Amino acid sequence: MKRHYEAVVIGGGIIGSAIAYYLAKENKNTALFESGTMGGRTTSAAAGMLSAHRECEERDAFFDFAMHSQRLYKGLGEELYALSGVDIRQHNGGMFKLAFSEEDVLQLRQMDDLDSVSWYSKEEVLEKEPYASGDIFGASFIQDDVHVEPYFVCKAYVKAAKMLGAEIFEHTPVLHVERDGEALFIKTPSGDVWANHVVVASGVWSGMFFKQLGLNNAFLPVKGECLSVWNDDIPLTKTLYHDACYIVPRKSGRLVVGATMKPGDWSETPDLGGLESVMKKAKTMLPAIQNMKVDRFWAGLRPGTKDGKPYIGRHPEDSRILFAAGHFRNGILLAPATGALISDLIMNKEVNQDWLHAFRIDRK
Amino acid sequence: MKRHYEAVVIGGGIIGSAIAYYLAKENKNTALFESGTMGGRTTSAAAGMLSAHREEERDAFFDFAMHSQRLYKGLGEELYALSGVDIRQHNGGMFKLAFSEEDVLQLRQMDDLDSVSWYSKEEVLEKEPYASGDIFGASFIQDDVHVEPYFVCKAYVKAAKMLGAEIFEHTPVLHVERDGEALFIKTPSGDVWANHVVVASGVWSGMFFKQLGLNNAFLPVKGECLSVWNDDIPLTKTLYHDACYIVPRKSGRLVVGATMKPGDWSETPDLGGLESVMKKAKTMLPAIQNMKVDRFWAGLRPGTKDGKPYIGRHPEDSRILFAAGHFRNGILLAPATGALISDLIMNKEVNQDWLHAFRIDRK
Amino acid sequence: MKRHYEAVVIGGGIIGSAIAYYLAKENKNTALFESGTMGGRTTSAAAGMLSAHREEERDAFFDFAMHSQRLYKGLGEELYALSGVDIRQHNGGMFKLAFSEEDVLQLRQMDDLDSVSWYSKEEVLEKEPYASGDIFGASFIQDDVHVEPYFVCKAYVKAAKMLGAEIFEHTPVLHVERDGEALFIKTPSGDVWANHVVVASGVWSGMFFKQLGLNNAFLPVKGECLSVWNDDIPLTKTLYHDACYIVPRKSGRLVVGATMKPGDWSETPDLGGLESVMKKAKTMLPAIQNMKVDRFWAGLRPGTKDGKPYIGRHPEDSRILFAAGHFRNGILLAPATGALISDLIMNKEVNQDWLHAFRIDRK
Amino acid sequence: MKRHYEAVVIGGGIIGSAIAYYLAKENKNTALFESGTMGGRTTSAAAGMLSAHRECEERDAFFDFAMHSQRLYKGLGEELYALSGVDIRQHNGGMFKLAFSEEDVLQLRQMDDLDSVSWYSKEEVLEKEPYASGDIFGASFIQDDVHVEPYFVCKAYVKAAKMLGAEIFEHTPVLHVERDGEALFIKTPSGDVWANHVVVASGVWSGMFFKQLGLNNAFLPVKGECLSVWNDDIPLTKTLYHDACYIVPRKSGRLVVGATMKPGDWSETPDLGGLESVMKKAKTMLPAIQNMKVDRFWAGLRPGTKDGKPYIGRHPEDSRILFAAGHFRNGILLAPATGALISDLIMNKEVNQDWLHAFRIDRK
Ligand SMILES: Cc1cc2nc3c(=O)[nH]c(=O)nc-3n(C[C@H](O)[C@H](O)[C@H](O)COP(=O)(O)OP(=O)(O)OC[C@H]3O[C@@H](n4cnc5c(N)ncnc54)[C@H](O)[C@@H]3O)c2cc1C
Ligand SMILES: Cc1cc2nc3c(=O)[nH]c(=O)nc-3n(C[C@H](O)[C@H](O)[C@H](O)COP(=O)(O)OP(=O)(O)OC[C@H]3O[C@@H](n4cnc5c(N)ncnc54)[C@H](O)[C@@H]3O)c2cc1C
Ligand SMILES: Cc1cc2nc3c(=O)[nH]c(=O)nc-3n(C[C@H](O)[C@H](O)[C@H](O)COP(=O)(O)OP(=O)(O)OC[C@H]3O[C@@H](n4cnc5c(N)ncnc54)[C@H](O)[C@@H]3O)c2cc1C
Ligand SMILES: Cc1cc2nc3c(=O)[nH]c(=O)nc-3n(C[C@H](O)[C@H](O)[C@H](O)COP(=O)(O)OP(=O)(O)OC[C@H]3O[C@@H](n4cnc5c(N)ncnc54)[C@H](O)[C@@H]3O)c2cc1C
């Protein structure tokens, strides 16, 4: 460990990893501190859908940033693979947003006008995925709402960063950021470090730093419980989606299935009721999944915010301190765009101003 | 691995392990052959309740079960002395819950028994305050205890080993040959002579029956299970209802099961099966919703035409014995099964009702 | 989660769990906060030997260790009654082997002790025939037993819970604030007042010392371990030598360790470390070569400047107590640690030598 | 389960799976029986090196068949991915066959003349892999000795086969093959099945069937113990090889490390001495591996034969019965060629005759 770095990233989930990579690409002398292991928390629980077309939202700055981050994924695997040897495991099968009611059709067809989205009838869906529940009314088909394996996106980024010269310290919690001196300094159990810039990327645990730094931004965990099966019997290429729940086909023959929404619950292992409700929901979407062998079960804490958007930007009173946290259901999608934005801000480059405003810290 | 043994045991689940111990205890130069690892199959999937009181009619089967339940009395200490292995015995007891009047009536027929009592809703809820508030009371059975089946199995085999028995894991027996003055079996590592052969291969035993001119068939009844951590509530007694159960282990885990899928040979749980085990558990113990899941698993109960095991001699050849088909009660029945098979080999006198009830040629 | 507790315990390893039980036993309205899961850290990685006889000099530390070893006497039954959790106690005892004359000499200095005897090569090999044939004999210590540390931890916490203590997993404490008429701590889920705060955060305790104007430092000494299945040989006693050990569990597993890597904060084993644990084990028990590996793991021993824990009051503030830095002996010391912290809070009189040896301001 | 199939494959390792796929491609009504799960035995233990240039052998029929099977891998992933959704996880990093002595150099340079093999000096190796042991004398570099994940090759094949119409029955041991009737029939615990052709592909357990069928072909298990680490710190693209031991970099950042040779040992979990010796050997090849975190440990039974080559072909007295078993250290490499050969023989196509002879059952 050195005394000084030009930039310091606090937290080693996917968000922190992207930032570290993107700073090291700019040849900034960078260090990242992580409590446990890289990707060991909410990043590991994640399904890895790169879904910008959710929750079929309004067309705002949040959506453009999503579409943009989705674009940045196009050569990302190849880019990071060349430097890290780590494959992010990209699957380009696409997505069916299923409908089970007339009200479902109606709401989904409010997107048909986007060029990426077309509408399929009951018959047209089943032509492509015969095992989709027979009770469906049709589906929104999205070509670009693909997926990746979040753990490995995280490992590709951090490995790539190391190779570009970044310093990674696992098992090193940051206890405090200060704040007063000419330079910033951070305290660890292995002693202190000085920095020209500090990025807080500690997901749902980021409140500590906000408060240490005179800010009242709070985070609310929303726990999500998932499970996986082995699909040894059925063809399934497209991700099936309904009402925030999903069945995601992996390149291994596993299906990733989720998920519960449990606000205020900080626990990181599934309880019995959670898994039960996930299993019940999955069968309505793909009946054949009931005969599939269970593989793993797990949970993770989505980092919730008061308005549901992340905080990505400078401390309103100190340009040296940045935050990148609060990616609720979409931290995997947004990881590259978050990483690029943070890096550009630190380099004093000019950034999209709608994005700066949307994810600013001081939102009154 | 020798050329000859006095006795060969084929299969190292709880049953085969037991037989081998009783044989070794009698100074019979004994070998055991197991395809995989000791206890690695159905034995591993079992909850380990010693429940004889399962009513319906009190026949030969019932006596044998009660006799075996008695045999578990000093077993733990006995095997621990020889093996260093704890069978993890738990003396809490069992409540067989009632959810209807029909339930109450059927359970009250065991009342005459000394080991059984009826409890009312209010009396059950004093003892287990977290049992479902929908219960109409429960049959309490103080002596229907539980063990950890894997460790009973490991205890026995390690004991037999200390008594001289030779154990061969990763050694499938391919054929038993009956023709000559002595028996022999075939394995991939060579062929071994024997004076007695015991077939203890659980649901896979059919292979050998057929080889030896008998048409005895086994049907697997797959059972899926899960465990949760009970970190929050007191629960001393096993809860039971309609063949499902919640069993508190001395680790703080709860063992919960089980499905019943006949004709399925798969040994890992399906999603639908695990879903129904969770549904059922919640009806017995509502708080189970909020307990963190630990593990999920499955195994194959060895079913037979009439529900009863085959324990005894080949009707044409007293050198050959079978010990397979302990449906929902293989753990309970293992000590008595072991002692019976051993006694028969040794030509001792045995209960002739038990001999008749578990015989090979039935119709 | 309430606004106020009489006592708050920060950390749920074996130590914090113990403290919480003793506090709850005294009817103190008690809360415990743990970052992860109860016992999920160093406590989980510990072998669980109760070894006080570790010579060198017999000081205050030694008495305390012996006192704690006495406290384990009815503990298992005591905690089982309240919790339903078995601490998995094993009374086999320990051989501290000798491989040289230097070895013999150093070990023979404990001879005067009543709980200790010397055995010759031939006497050790009668008892444990598989111990290395290179031994020059061993110090036998009948009462240096072992437990399963995770379950001692779970036993205590579940007991405290049954006595009224409120437990909060997944709840890191971020700050202790000292300024006002009463203490408070800060958590992500809100802030809580307290009359006493106990810091029991193992190797991570430094955070709090600093916050509270004290410069006490912790150095982790990582220890890597493995387990094998002993399916083939008798082994009742623990084997010990030069801080490495082989411990037989009542499951049939052997627990083997350990490395000593100071300044390493990683909690999973490296390859080099596991290689050296295997090398060492084989020198003590050659047959271990042929035993199938089960698991490998690691944890961080909480080291201090002088090797001793800090157990006691903030020298400036009697509302604040510390219980951290039990280097190689946190499991052994947990009952006495729990009773000491509890007694201090309750203002009872305590051994003043022990109070002095484990005090916070040392130099 | 049906009464009759045109062909029946006994055993569901990689060999059996390839055969099932290749028969189903020819639209033969096919069934495969497996005791446990697909790929659950020796196929799962395997490293997945597709190495034809071992043990730097003589240039014979065995070698050509290997080179050929290696060629068949070129579009195999894409071929099977289109039908199964399962990625075989192909890595094209290549191989260094390291030398630690003058005798090592000498023996390795007996291959320089092959166009696929060039020689690197100590310096040239370290230029590419700085972490290779400094005690090396140089290395044979092989561009095409790539690798795959054997479990998934096996799953891709079996899934592809199902889609082509094949019937897969896991948890169904074959008890007996007979033999006498007009048609062949096999006995399972779920009852009997008739077949026009029977393929024995039961790896190291195949002796049973040879003997049931009047043949004395024996198999000797050679147990192999392996472990994996996480390489989070070091660049490593090339497989390192020395004296039958190996460090294989996976696309996940794991390194696969092996292996012991234990003849006559039928056990399928590592013992302590085995793993110790694997760890000791690995450090001499890549010193930095000693600081790497352990992940998994496992073992498998190589299916040995009297002469070290497999048996791939017809029963010398019955054209309806075939065997494909005894791929010692190279079943993953040879899986496609074995599958193609068996299928062609069953279809009475004309096959390479040197290959037929080399792997014939009756080798006196
Ligand atoms: C079941 C589930 C499914 C999901 N599926 C998707 C999906 O399909 N697509 C999608 O885009 N998103 C998904 N998400 C959301 C996604 O997981 C999150 O938005 C994202 O992982 C947040 O990334 P992060 O790096 O901010 O958080 P984390 O991965 O939680 O990382 C934060 C890191 O900071 C570390 N840290 C905390 N405190 C400190 C400290 N004091 N010092 C040092 N380090 C510290 C933590 O240890 C942690 O490793 C899902 C979430 C769940 C729960
Ligand atoms: C309280 C209680 C709870 C129970 N719960 C369950 C439950 O939840 N689920 C359930 O399924 N059952 C349950 N059971 C009962 C079940 O009967 C036992 O779990 C099981 O019967 C053990 O019987 P076994 O030793 O005959 O079979 P197994 O344990 O299956 O052992 C047979 C052994 O034979 C070996 N073998 C087979 N063929 C060969 C061969 N050719 N050569 C060499 N070896 C061979 C196999 O490898 C296997 O290890 C329960 C029983 C009780 C009493
Ligand atoms: C026979 C024997 C064998 C042993 N073997 C080993 C061994 O092999 N390896 C080894 O490493 N040690 C070993 N030990 C001894 C070791 O001292 C114990 O394993 C350990 O000390 C338990 O101590 P603890 O409860 O203080 O720490 P831990 O078990 O580490 O518990 C501290 C807890 O505090 C929590 N925490 C930390 N910070 C916060 C916060 N800010 N807010 C809330 N919670 C927090 C952590 O989550 C952690 O769970 C052994 C001891 C004995 C007696
Ligand atoms: C540590 C190790 C590393 C290796 N690395 C490599 C490598 O890098 N490259 C390479 O090319 N090779 C490697 N190998 C070799 C390779 O694993 C084998 O050559 C290959 O897997 C053999 O394939 P198989 O399908 O014949 O055998 P298996 O995968 O063993 O399959 C045989 C199947 O038949 C089934 N079966 C058995 N009996 C019956 C029955 N009676 N009824 C029904 N089914 C039955 C079994 O259950 C099993 O699933 C390695 C081996 C080991 C042990």
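Only the coordinates and a few stated rules stand behind these numbers; no lab work does. A quick note on method: Cβ atoms are made from the backbone with ideal geometry, for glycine too, and the neighbour counts reach across all protein chains shown.
The residues in region D:189-200 that are surrounded by fewer than 20 Cβ atoms within 10 Å (Cβ to Cβ) and not aromatic (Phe, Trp, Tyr) can be counted, and the count is 4.
Looking across region A:268-280, the residues that are assigned to a helix (DSSP H, G or I) and facing chain B (nearest Cβ under 9 Å) come down to A:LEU272, A:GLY273, A:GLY274, A:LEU275, A:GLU276, A:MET279, A:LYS280. The condition of being buried (at least 24 other Cβ atoms within 10 Å of the Cβ) and within 15 Å of D:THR305 (Cβ to Cβ) holds for only one of D:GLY274, D:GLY203, that being D:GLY203. Selection within region C:180-205: residues that are outside any strand (DSSP E or B) and buried (at least 22 other Cβ atoms within 10 Å of the Cβ). The member of this set that is nearest to ligand 1 (Cβ to nearest atom) is C:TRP204.
Per-residue answers, yes or no, for (1) within 13 Å of another protein chain (Cβ to nearest Cβ); (2) part of a loop (DSSP other than H, G, I, E, B); (3) within 16 Å of ligand 4 (Cβ to nearest atom); (4) surrounded by fewer than 19 Cβ atoms within 10 Å (Cβ to Cβ):
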position: D:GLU127; (1), (2), (3), (4): no, no, no, yes
position: D:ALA132; (1), (2), (3), (4): no, yes, no, no
position: D:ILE136; (1), (2), (3), (4): no, yes, no, no
position: D:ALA139; (1), (2), (3), (4): no, no, no, no
position: D:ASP145; (1), (2), (3), (4): no, yes, yes, no
position: D:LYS155; (1), (2), (3), (4): yes, no, yes, no
position: D:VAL158; (1), (2), (3), (4): yes, no, yes, no
position: D:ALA161; (1), (2), (3), (4): yes, no, yes, no
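Among the conditions (1) under 30 Å from B:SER51 (Cα atoms); (2) within 11 Å of ligand 2 (Cβ to nearest atom), the only one that B:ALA131 does not satisfy is (2). The residues of region B:311-329 that are surrounded by fewer than 24 Cβ atoms within 10 Å (Cβ to Cβ) and within 12 Å of ligand 2 (Cβ to nearest atom), listed by number, are B:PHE327, B:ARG328, B:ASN329.
A single member of C:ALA336, C:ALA298 is facing another protein chain (nearest Cβ under 10 Å), of a type in the set (A, V, I, L, M) and surrounded by 21 or more Cβ atoms within 10 Å (Cβ to Cβ), and it is C:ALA298. Scanning region C:245-291 for residues that are part of a strand (DSSP E or B) and surrounded by fewer than 19 Cβ atoms within 10 Å (Cβ to Cβ) returns C:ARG253, C:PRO262. Among the strands (runs of 3 or more DSSP E) confined to region D:281-364, the ones with at least 2 residues that are within 14 Å of chain C (Cβ to nearest Cβ) and more than 16 Å from ligand 1 (Cβ to nearest atom) are located at D:293-304. The residue that is farthest from ligand 2 (Cβ to nearest atom), among those in region A:3-18 that are surrounded by 24 or more Cβ atoms within 10 Å (Cβ to Cβ) and outside any helix (DSSP H, G or I), is A:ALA7. Could we say that C:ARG3 is of a type outside the set (A, V, I, L, M, F, W, C), surrounded by fewer than 19 Cβ atoms within 10 Å (Cβ to Cβ) and in contact with a strand residue (DSSP E or B) (Cβ under 8 Å, 6 or more places away or on another chain) here? Against the criterion (of a type outside the set (A, V, I, L, M, F, W, C), surrounded by fewer than 19 Cβ atoms within 10 Å (Cβ to Cβ) and in contact with a strand residue (DSSP E or B) (Cβ under 8 Å, 6 or more places away or on another chain)), C:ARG3 qualifies.
Taken over region C:232-255, the residue count meeting the criterion of being closer than 17 Å to B:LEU79 by Cβ and touching a strand residue (DSSP E or B) at 6+ places or on another chain (Cβ under 8 Å) is 7. The strands (runs of 3 or more DSSP E) falling completely within region D:169-267 that include 2 or more residues that are within 12 Å of ligand 4 (Cβ to nearest atom) map to D:176-178, D:184-188, D:198-200, D:220-230, D:239-242, D:245-249, D:254-258. Put simply, of B:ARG41, B:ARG54 the only residue that is within 11 Å of ligand 2 (Cβ to nearest atom), over 20 Å from B:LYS154 (Cα atoms) and among the charged types (D, E, K, R) is B:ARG54.
Please verify whether C:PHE140 is within 14 Å of chain A (Cβ to nearest Cβ) and not aliphatic (A, V, I, L, M), treating the condition exactly as stated. So C:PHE140 does not fit the description; no.
Yes or no, residue by residue, for (1) under 25 Å from the mean Cα position of the chain (by Cα); (2) within 11 Å of another protein chain (Cβ to nearest Cβ):
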position: A:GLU149; (1), (2): yes, yes
position: A:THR172; (1), (2): yes, yes
position: A:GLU182; (1), (2): no, no
position: A:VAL204; (1), (2): yes, yes
position: A:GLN212; (1), (2): no, yes
position: A:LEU215; (1), (2): yes, no
position: A:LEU227; (1), (2): yes, yes
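Within region B:169-179, the only residue that satisfies the criterion of being hydrophobic (A, V, I, L, M, F, W, C) and either away from every other protein chain (no Cβ under 13 Å) or part of a strand (DSSP E or B) (or both) is B:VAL176. Condition check for B:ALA31 on (1) closer than 18 Å to B:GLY338 by Cβ; (2) within 18 Å of the chain's Cα centre (by Cα); (3) not in a loop (DSSP other than H, G, I, E, B): one failure, at (2).
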